[PDB]
Amino acid sequence: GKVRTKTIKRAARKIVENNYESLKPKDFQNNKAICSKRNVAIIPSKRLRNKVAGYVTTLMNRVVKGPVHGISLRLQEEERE
RNA sequence: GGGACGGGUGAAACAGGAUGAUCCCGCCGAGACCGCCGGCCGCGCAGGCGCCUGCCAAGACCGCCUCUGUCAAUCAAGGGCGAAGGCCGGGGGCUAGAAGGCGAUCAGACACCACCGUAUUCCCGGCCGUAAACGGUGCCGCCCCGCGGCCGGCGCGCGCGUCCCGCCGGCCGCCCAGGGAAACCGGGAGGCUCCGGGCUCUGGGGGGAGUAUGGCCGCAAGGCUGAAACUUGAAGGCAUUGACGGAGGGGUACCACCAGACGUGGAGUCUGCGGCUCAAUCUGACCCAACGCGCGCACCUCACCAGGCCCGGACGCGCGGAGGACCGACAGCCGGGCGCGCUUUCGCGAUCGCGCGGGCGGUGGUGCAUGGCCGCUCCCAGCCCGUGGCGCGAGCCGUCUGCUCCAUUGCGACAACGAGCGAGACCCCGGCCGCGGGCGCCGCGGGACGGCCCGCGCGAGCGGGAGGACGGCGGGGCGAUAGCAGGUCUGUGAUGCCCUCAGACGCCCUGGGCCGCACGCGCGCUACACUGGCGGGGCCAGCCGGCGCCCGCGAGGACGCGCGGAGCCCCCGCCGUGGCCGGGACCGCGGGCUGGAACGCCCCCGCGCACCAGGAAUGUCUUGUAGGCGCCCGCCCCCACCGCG
Ligand SMILES: CC[C@H]1CN2CCc3cc(OC)c(OC)cc3[C@@H]2C[C@@H]1C[C@H]1NCCc2cc(OC)c(OC)cc21
Ligand SMILES: [Mg+2]
Ligand SMILES: [Mg+2]
Ligand SMILES: [Mg+2]
Ligand SMILES: [Mg+2]
Ligand SMILES: [Mg+2]
């Protein structure tokens, strides 16, 4: 399914922003575990967790290949010079 | 010259062609016209103005230390010009073309389309004197934010280019203020309720009516001037939201189509529906959004028809009542039958009776008085809030003239910012795996997410390929705001207002009807046969589920115990294109079941209607789908061609 409601996008974002180092760009199992983790957030369902994780993956690689709008990745370091 | 069609239309048909058409070339004649350049260019009082050459007069503007000295502005009466069409008298006669004719189209078409064609269109002389003759805005005059284009003339500066800086006049575009009902104007429609520069003309709700009667002009057609009676409560202007469009641009769906399949409409029958009938054949619903639907009519159900018992009249006031209120019965008749009623004669005892008030009940009416529940708009994707801003205001922005999505699903912008519902998310079912448990396979979890590769695309996301039980909304449920005079008072101790209320529409019994049939159609069933019918045999389902022995051909029956699954299909044979062994409607004896009671339902023998694939018309459908085959439940004393599965 190609439906991506707002909730998925906003949640996947806040999650990537608040938690990068613990993750990888193309994985789906590590990202799924990170989402399932309690500190990061809470997902009542399973299908929701899977969808959010997938969107997290696609955002993460879209970022790692190149900086992405709306993402507070903490990248001033390389440009604050 | 050459040899067969040409013309014309959406498609055709009238007219032309072996008398040589259409087609190519050349020549001849006449009369109209003045193209591409041609324009937010220009000229003219307006109407209007475009070939070469030449002639005649005229005009605004610019430049000027040239002349005069108020000679000016606007205007009834009066005068002149005045598109096209039209008229009088003469010319000329190619195009087009009122009238007229003819061919199509149409229900008709004397109209739109095709073809032929008169006046007219052209010139001279003269009448007419009207146009959305529009900038729908009178003439003269002053002030007025800013930017820009073009035309003509003049001047300034320089690095001399047809440069850039200005002046006058003219034609235009945008626009700050300001104005206005607003659209809009802004080279005023500004400087005006803070309401006075000068001159002229017109109007006073809509029709009657620019009509009648007079007058003037005109050959005429007609023009200028121009009432009343009567009638009427609105007619109009600018703008807003919806609905509609034989309007445009994007999208979408087997209740749309393409490609195909299976059908219906043809016959007989089941069932419901209108009509006809009867004593009654009780009713509701009429495009999708009524017509096997309001869950199986011998009695009840049941409302309708013909007839009969009962009060089951609560509760308060007056009266009477045990010196007897009210209620039952043997026998005999009449009555379908009953002590219903009739002829006597016995019984019981205040549980009351009569009049007045007031109840209860009713498948009685109004669904256009209502609640609730359904259907439809809607097999959609849309709907609203707070702050702020634009408008006098109804209203608008937010809520998208971009790209994607099945989807107001998302990316990216924007006088908008920030939220919510709906959508998705969610719940049930199934497919693969793990753990546990177990009379009987049933409890908890995992797993799939546009995740991986490749292309593109800023992106959202699109196309392909993999591995995987399953690959991109697998099937159902729930279902936004707003609304319909949709259906239901015949579902109810849900109901407002009317009408029934002791010879009752109350309640109970006996029969009958709802099924009656010259007729039109809606959902279905069975068949038209060899891809078949008949006989014997073998054999596998799931929602789920009860069997033995003995009689009887069978249907069924008498006993006694707890135990259990089919059609198609496959195999061997008969038939052999004949309305034949296809098809089994209709009808005639008989044996049984249900039930108080067959009109209902099964079995046996016999008889053996149409029907040879069904016209105009029309329905449904994309994987375990269509179609074919059968099996269980609902209602039900018996009964499924129905419906949910
Ligand atoms: C009801 C009269 C109309 C129908 N007819 C005959 C059938 C026909 C068939 C056509 O091709 C499909 C056709 O082309 C469009 C025209 C016709 C005529 C046309 C009649 C109507 C006519 N006037 C109104 C609209 C119209 C539009 C047309 O389209 C341009 C047209 O074609 C020339 C003719 C017409
Ligand atoms: Mg003329
Ligand atoms: Mg005028
Ligand atoms: Mg005034
Ligand atoms: Mg007035
Ligand atoms: Mg008037």
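Residues numbered from 1 in each chain as written, not as in the entry; some residues may be left out. Chains lettered and ligands numbered in written order. Part of a larger assembly, values for the part shown. Heavy atoms only, no water.

This entry, as listed in the PDB, derives from cryo-EM and reports a resolution of 3.14 Å.

Draft legend 1. Spatial organisation of the side chain of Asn 30. In this structure, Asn 30 sits in helix 2 (residues 29–36). The exposure class of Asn 30 is buried, given its relative accessible area of 18%. Contacts of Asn 30, omitting those with residues within four sequence positions, involve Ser 22, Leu 23 and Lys 24. (Helix = DSSP H or I, 4+ residues; strand = E, 2+ residues; numbered from the N terminus. Buried < 20%, exposed > 50% of the residue type's maximum accessible area, 1.4 Å probe, protein only. Contact = heavy atoms within 4.5 Å.)

Draft legend 2. Structural detail: the protein's contact with RNA strand B. Near RNA strand B you find 21 residues, and of these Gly 1, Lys 2, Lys 6, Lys 26 and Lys 46 are the closest. Counting only atoms of RNA strand B within 4 Å of the protein, the fraction found in sugar and phosphate groups is 82%. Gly 1 has a polar backbone atom sitting 2.9 Å from a phosphate oxygen of RNA strand B. With respect to RNA strand B, the side chain of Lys 2 contributes an N or O atom lying 2.2 Å from a sugar or linking oxygen. Only helix 1 (6–18) and helix 3 (47–65) provide two or more residues apiece to the surface near RNA strand B. If you tally residues by element for the surface near RNA strand B, the top one is helix 3, at seven residues. Here the residues of the surface near RNA strand B sort into three nonpolar, six polar and 12 charged. (Near = heavy atom within 4 Å. Polar contact = N/O pair within 3.5 Å; in protein donor to acceptor, adjacent residues only side chain to side chain. Nonpolar A, V, L, I, M, F, W, Y, C, P; charged D, E, K, R; others polar.)

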